[PDB]
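Each answer follows from the model by the rule given with it, or from the source it names; no laboratory read-out is quoted. We place every Cβ from the backbone using ideal geometry, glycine too, and count neighbours over all the protein chains shown.
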Amino acid sequence: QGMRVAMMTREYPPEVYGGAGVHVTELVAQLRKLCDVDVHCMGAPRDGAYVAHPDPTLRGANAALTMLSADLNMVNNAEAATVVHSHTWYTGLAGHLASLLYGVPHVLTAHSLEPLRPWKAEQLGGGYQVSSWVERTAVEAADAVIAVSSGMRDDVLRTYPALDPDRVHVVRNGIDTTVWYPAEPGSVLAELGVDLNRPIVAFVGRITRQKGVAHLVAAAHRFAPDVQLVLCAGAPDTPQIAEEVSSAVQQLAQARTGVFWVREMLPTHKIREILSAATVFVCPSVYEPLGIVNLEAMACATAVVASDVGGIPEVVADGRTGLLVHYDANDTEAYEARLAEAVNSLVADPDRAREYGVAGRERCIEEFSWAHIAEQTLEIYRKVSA
Amino acid sequence: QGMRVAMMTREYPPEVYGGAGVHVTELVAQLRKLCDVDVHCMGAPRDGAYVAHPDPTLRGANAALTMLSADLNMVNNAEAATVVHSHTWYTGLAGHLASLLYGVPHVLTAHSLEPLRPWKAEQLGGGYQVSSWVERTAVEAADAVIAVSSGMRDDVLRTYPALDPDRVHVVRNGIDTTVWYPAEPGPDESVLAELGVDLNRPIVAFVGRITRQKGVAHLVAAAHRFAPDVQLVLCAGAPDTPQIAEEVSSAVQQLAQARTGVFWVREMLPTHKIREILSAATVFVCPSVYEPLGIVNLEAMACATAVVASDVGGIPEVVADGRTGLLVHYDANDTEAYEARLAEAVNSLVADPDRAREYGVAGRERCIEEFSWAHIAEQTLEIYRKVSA
Ligand code: NA
Ligand code: NA
């Protein structure tokens with residue numbers, strides 16, 4: 001006799017480290033203003049969440065098995081729910097079993113897809129066979145799947161073609177415009193030696209194949225000579241790509257002045273400082289179903305140059321908030337030239353860069369509010385509960 | 001490396017209460033003469049087995065949830081296996097998850113199917129939604145499914161069309177020929193003495209519960225047409241309804257008034273006494289209207305006794321018509337023909353005691369040649385070899 005959401009996550013404060021943990025935290029804060037939400041999470045005991053622990057009998061067993069034991073405690077804890085909403089494969093089996101045991105609908109947000117993970121050795125172990133089976137099982141049986149972009153929805157339906165496309169919904173990611181906002185320098189830019197009197201082109205992200213950092217470093221050879229490139233590019237996912245980016249950065253620094261590389265992962269206030277100071281933020285991703293960093297740059301009122309892959313064109317409004325650059329994997333020479341041409345056009349026309357940045361924060365406030373996302377998410381809970 | 005079978009069960013000695021538990025107990029004993037087997041079971045701690053328990057912290061949750069909790073401990077315990085063999089939905093997810101986690105084949109024996117459970121109010125609960133999902137998951141992904149009869153093979157293929165039929169194998173239940181064997185009355189407490197049965201007149205034996213399914217009322221009806229000196233020994237108790245208690249009680253009293261040799265044993269009997277009665281009988285009658293397996297027929301055959309049985313369910317895979325026994329056709333729309341033909345088959349074996357005796361000997365031969373657990377274990381090991389290739 002009243003809707004009660006069991007929100008199932010692995011990460012929740014004070015143990016949020018990834019995009020999926022940030023998403024659940026912000027979604028729950030807004031959803032609680034509309035309906036009753038119980039947070040089901042894993043890790044350390046805390047007030048205000050139902051913490052699902054693994055079976056202590058399984059101490060030292062394979063991580064996949066200890067994770068399933070925590071899932072069964074999570075199902076046990078969720079007995080009051082009228083709808084269960086799971087996040088990440090770590091809780092997929094919890095939402096699947098709670099749905100079966102209690103007769104309640106299962107809503108699943110697809111943050112990532114096990115079959116699309118870039119191949120690493122760990123994909124040869126039993127753990128990946130278990131995580132792949134959980135995600136297939138959870139996704140194919142879910143009452144609703146939420147994708148944050150039409151791009152991610154396409155990837156979900158391609159990866160799991162038994163899915164009813166009518167059960168897969170686009171509900172965008174939000175951005176908190178009280179955390180991400182145009183901030184004058186307090187200074188990370190001083191500790192780098194960046195000259196605030198010269199244009200700044202910024203990148204923020206991990207060094208992975210998918211994030212296309214090598215394409216931006218190649219493009220930067222063609223920037224006007226007083227332009228500074230500030231690369232916030234850390235935590236490379238392979239030693240090979242660390243060497244490729246390191247080598248490309250050294251070749252760039254040989255050809256031009258104003259190259260800066262922040263190798264360490266930065267907190268929010270330092271990222272906000274750099275995104276705010278930038279005239280252009282570049283997202284050169286070759287695969288970007290999500291593209292959250294584009295919302296962060298837009299909320300900091302900075303013009304964006306980005307590829308047209310995945311979800312990016314649903315966030316970056318070409319000729320209004322930024323400029324899209326066509327990516328074709330068979331013509332990376334053209335991609336690199338066209339990234340540079342887009343950056344160069346905004347650096348040459350600072351009034352246009354400023355207007356695009358201003359429009360970017362307006363789009364965040366207008367179209368990518370968590371309050372609006374919470375309302376659309378509640379509409380999915382209504383459809384599956386009817 | 002060498003083959004190491006993780007045999008996954010809920011029931012194992014000393015906590016065996018049903019057919020699936022008996023099956024694993026006997027199969028493991030004979031498989032251990034051929035290959036290394038680890039017993040993975042649930043319930044009370046014991047020597048000689050990996051006993052899987054739930055998470056202590058899940059004490060008091062839905063029974064389906066604590067069963068999945070025990071399954072994860074069973075998967076953890078089974079890490080040395082080269083093949084995992086599951087029995088009942090209770091261990092289906094243990095075999096499925098061990099196959100995924102360790103990269104080993106999963107053999108599943110189908111003793112029953114969740115979607116074919118005759119409706120009870122408990123099929124409205126979430127527990128049944130969980131048991132149904134486990135079984136469909138485990139069966140559709142198994143490297144091999146062992147069906148305990150032809151009918152169970154047909155039900156598996158009908159209920160689970162996504163499983164490749166080439167992966168479904170019939171391997172039947174066996175019989176211990178050292179506990180069921182032809183046995184003389186013996187000088188100490190002969191049960192046939194106590195009851196006042198005549199060793200020198202023909203004995204027709206029935207052993208089962210008083211249920212619609214076991215058809216004792218059809219045998220009582222047929223018994224009116226037995227030749228006059230024929231003794232009916234009914235080992236029939238535990239009526240499952242007052243209605244059939246009243247009906248069968250009334251029918252046996254009516255039979256007792258009409259003819260002499262009617263002996264109605266209601267108390268449950270131990271093996272040594274069941275053996276004595278089956279051994280002494282000229283004919284054992286299994287008049288079941290529903291009988292998936294028909295194992296009681298193997299007890300009579302191992303005691304070297306002719307069988308008269310209905311042709312329902314699995315009975316014709318155990319009783320060889322015209323060789324170890326006689327099958328009687330059952331049509332629910334014509335129970336009067338069934339009762340007359342039951343009598344005609346019994347009367348034919350009573351009228352031809354050499355034939356009754358030849359069928360009994362063929363019955364014991366069939367037990368030793370085809371239904372010994374040594375043969376069942378050899379056929380099972382062959383499925384392990386096929387899936388391990
Ligand atoms: Na800016
Ligand atoms: Na006999």
(request) List every residue pair whose Cβ atoms sit under 6 Å apart, with the two residues 6 or more apart in sequence or on different chains, where the first one lies in segment B:256-275 and is outside the structural domain of B:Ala217 (by CATH) and the second, anywhere, is surrounded by 13 or more Cβ atoms within 10 Å (Cβ to Cβ) and outside any strand (DSSP E or B). (result) none
(request) Could you give me the residue pairs with C-beta distances under 6 Å whose first residue belongs to segment B:295-319 and is closer than 16 Å to B:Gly215 by Cβ, whose second residue is buried (at least 23 other Cβ atoms within 10 Å of the Cβ) and acidic (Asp, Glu) wherever it lies, and which are 6+ apart or on separate chains? (result) B:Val312/B:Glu291; B:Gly313/B:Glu291; B:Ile315/B:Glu291
(request) Just need a number here: residues in segment B:3-57 that are in contact with a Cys (Cβ under 9 Å, 6 or more places away or on another chain) and within 14 Å of chain A (Cβ to nearest Cβ). (result) 3
(request) Filter segment A:268-280 down to residues that are of a type outside the set (D, E, K, R), touching a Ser or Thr at 6+ places or on another chain (Cβ under 8 Å) and more than 8 Å from ligand 1 (Cβ to nearest atom), then give me how many there are. (result) 1
(request) Among the residues of segment A:201-222, write down those that are more than 20 Å from the chain's Cα centre (by Cα) and not in a helix (DSSP H, G or I). (result) A:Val201, A:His221, A:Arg222
(request) Can you give me the ranges of the helices (runs of 4 or more DSSP H) entirely in segment B:282-389 with at least 2 residues that are more than 16 Å from ligand 2 (Cβ to nearest atom) and either of a type in the set (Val, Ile, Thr) or within 25 Å of B:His272 (Cα to Cα) (or both)? (result) B:315-318, B:353-370, B:373-388
(request) Please verify whether segment B:249-265 includes one or more residues that are within 16 Å of ligand 2 (Cβ to nearest atom) and over 22 Å from B:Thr335 (Cβ atoms). (result) no
(message) Which residue is farthest from the other protein chains (Cβ to nearest Cβ), if the candidates are limited to segment B:58-70 and must be in a loop (DSSP other than H, G, I, E, B), out of contact with any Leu (no Cβ under 7 Å at 6 or more places or on another chain) and not charged (D, E, K, R)?
(response) B:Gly60
(message) It is to be established whether one or more residues within segment B:227-237 are more than 30 Å from B:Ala144 (Cβ to Cβ) and assigned to a helix (DSSP H, G or I).
(response) no
(message) Condition check: within 16 Å of ligand 1 (Cβ to nearest atom) and more than 14 Å from every other protein chain (Cβ to nearest Cβ). Does A:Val293 satisfy that?
(response) yes
(request) From (1) within 16 Å of ligand 1 (Cβ to nearest atom); (2) within 19 Å of A:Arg222 (Cα to Cα); (3) among the aromatic types (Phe, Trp, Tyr), pick out the condition that doesn't hold for A:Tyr356. (result) (2)
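Among the residues of segment A:78-114, how many are part of a helix (DSSP H, G or I) and facing chain B (nearest Cβ under 10 Å)?
8
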(message) Looking at segment A:322-339, can you tell me whether even one residue there is within 16 Å of ligand 1 (Cβ to nearest atom) and farther than 30 Å from A:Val104 by Cα?
(response) yes
(request) Just give me the residues in segment A:350-365 being within 20 Å of A:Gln228 (Cα to Cα) and touching a helix residue (DSSP H, G or I) at 6+ places or on another chain (Cβ under 9 Å), in sequence order. (result) A:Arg352, A:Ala353, A:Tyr356, A:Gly357
(request) Filter segment B:115-146 for residues that are within 14 Å of chain A (Cβ to nearest Cβ), surrounded by fewer than 19 Cβ atoms within 10 Å (Cβ to Cβ) and among the hydrophobic types (A, V, I, L, M, F, W, C) and give the result. (result) B:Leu124, B:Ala141
